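In the form deposited in one PDB entry, a lone chain appears below as structure tokens.
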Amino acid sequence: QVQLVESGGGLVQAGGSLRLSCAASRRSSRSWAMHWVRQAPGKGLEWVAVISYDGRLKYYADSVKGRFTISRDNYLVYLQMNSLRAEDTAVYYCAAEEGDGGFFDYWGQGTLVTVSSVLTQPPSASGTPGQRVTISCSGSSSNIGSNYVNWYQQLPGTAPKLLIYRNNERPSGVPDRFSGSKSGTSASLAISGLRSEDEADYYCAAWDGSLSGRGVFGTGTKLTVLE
């Protein structure tokens, strides 16, 4: 298993610059791309940029275009952040994408950047142990209507994990209690037999076929279990 380690975070004044590093423990022919995903404290996930294994493909979110630059060096991937703003304050993760599975197949630990001065989901959901809970994801023709859906689970203070890829497929280690589906421009995550460990945030995800710099992540759903 490849291990990813982010570094470079710290305190910076607005307008300043900072370079983050994503280090991979070893090369892998399965991993073809490396993403950066950030999360402001208490907010949702936001995809930042991606670079292919050979550096020839690079894409950025519109919220960082022109200010951020992704690059790599032979086992390191760099994110050069210029003209930093308070909105850029977030934990920055890097995540590799393999030739199968989902957009973000494994993740690092995160590095915090502090700058000193659309897929809609229900904000919250709940259930009792053993209950069946469904989480909706409402998109458009350009994203869900045109591309596969992913689902990601995030426990408090930890990096998210891939739950569902290719609309309805589970990676290894995901129980069959989780299932996904997609119809038209909407998608849904279903959790049968809700367990206490399922209390987490859940994000749907789908790439946009028109203007891909818009965003990939859903708004996120906080699921609480009433014991």
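Residue numbers run from 1 along the displayed sequence. If you superpose the two forms and keep the largest set of C-alpha atoms that fall within 1.5 Å, you have the rigid core.
K.L.:
Note how many residues of the deposited chain are left out of the model between residue 74 and residue 75; the options are none, 1 to 3, 4 to 9, and 10 or more.
P.N.:
The entry has a short gap there, with 1 to 3 residues left out between residue 74 and residue 75.
K.L.:
What number of deposited residues lacks coordinates in the span between residue 126 and residue 127: none, 1 to 3, 4 to 9, or 10 or more?
P.N.:
Gap between residue 126 and residue 127: none, chain continuous.
K.L.:
If you take the mean CA temperature factor per stretch, which one wins between 206-214 and 14-22?
P.N.:
According to the PDB entry, the answer is 206-214.
K.L.:
Could you settle it for me: does 51-59 or 172-180 have the higher average Cα B factor in the PDB entry?
P.N.:
So the stretch with the higher mean C-alpha B-factor is 172-180.
K.L.:
Out of 89, 136, 150, 142, which shows the largest CA B-factor listed in the entry?
P.N.:
Answer, based on the entry's C-alpha B-factors: 142.
K.L.:
Of 38, 195, 35, 67, which one's C-alpha B factor is largest in the deposited record?
P.N.:
In this record, 195 carries the highest C-alpha B-factor of the candidates.
K.L.:
Please place residue 158 in the lowest, middle or highest third of its chain by C-alpha B factor as given in the entry.
P.N.:
Highest third.
K.L.:
Hey, what third does residue 167 fall into on Cα B-factor, ranked over its chain?
P.N.:
For residue 167, whose C-alpha B-factor we compare with every modelled residue in the chain, the answer is the middle third.
K.L.:
Would you please rank residue 146 by its C-alpha temperature factor against the other modelled residues of its chain and give the third it falls in: lowest, middle or highest?
P.N.:
As the PDB entry reports it, the C-alpha B-factor of residue 146 lands in the highest third of its chain.
K.L.:
Ranked by Cα temperature factor within the chain, is residue 5 in the lowest third, the middle third or the highest third?
P.N.:
Bottom third by C-alpha B-factor.
K.L.:
Sorting the chain's CA B-factors, does residue 118 end up in the lowest, middle or highest third?
P.N.:
It belongs to the highest third of the chain when residues are ordered by C-alpha B-factor.
Below, we refer to the form deposited in another entry, which is not included among the displayed structures.
K.L.:
Which residue, 31, 185, 167, 63, is displaced 2 Å or more at the Cα between this form and the one not shown after superposing the core?
P.N.:
Single hit from the list, 31.
K.L.:
Return yes or no for residue 102: a CA shift of at least 2 Å between this form and the one not shown, with the rigid core superposed?
P.N.:
Yes, residue 102 moves 2 Å or more.
K.L.:
Align on the rigid core first; then say whether the Cα of residue 210 has moved by at least 2 Å between this form and the one not shown.
P.N.:
It does shift by 2 Å or more.
K.L.:
Having a change of 3 Å or more in the C-alpha distance between residue 100 and residue 172, I'd like to know whether it is closer or farther in that other deposited form than in the form here.
P.N.:
Compared with this form, residue 100 and residue 172 lie farther apart in that other deposited form.
K.L.:
Flagged pair residue 97/residue 211: C-alpha distance shifts by 3 angstroms or more in that other deposited form. Which direction, closer or farther?
P.N.:
Closer: residue 97 and residue 211 approach by 3 Å or more in that other deposited form.
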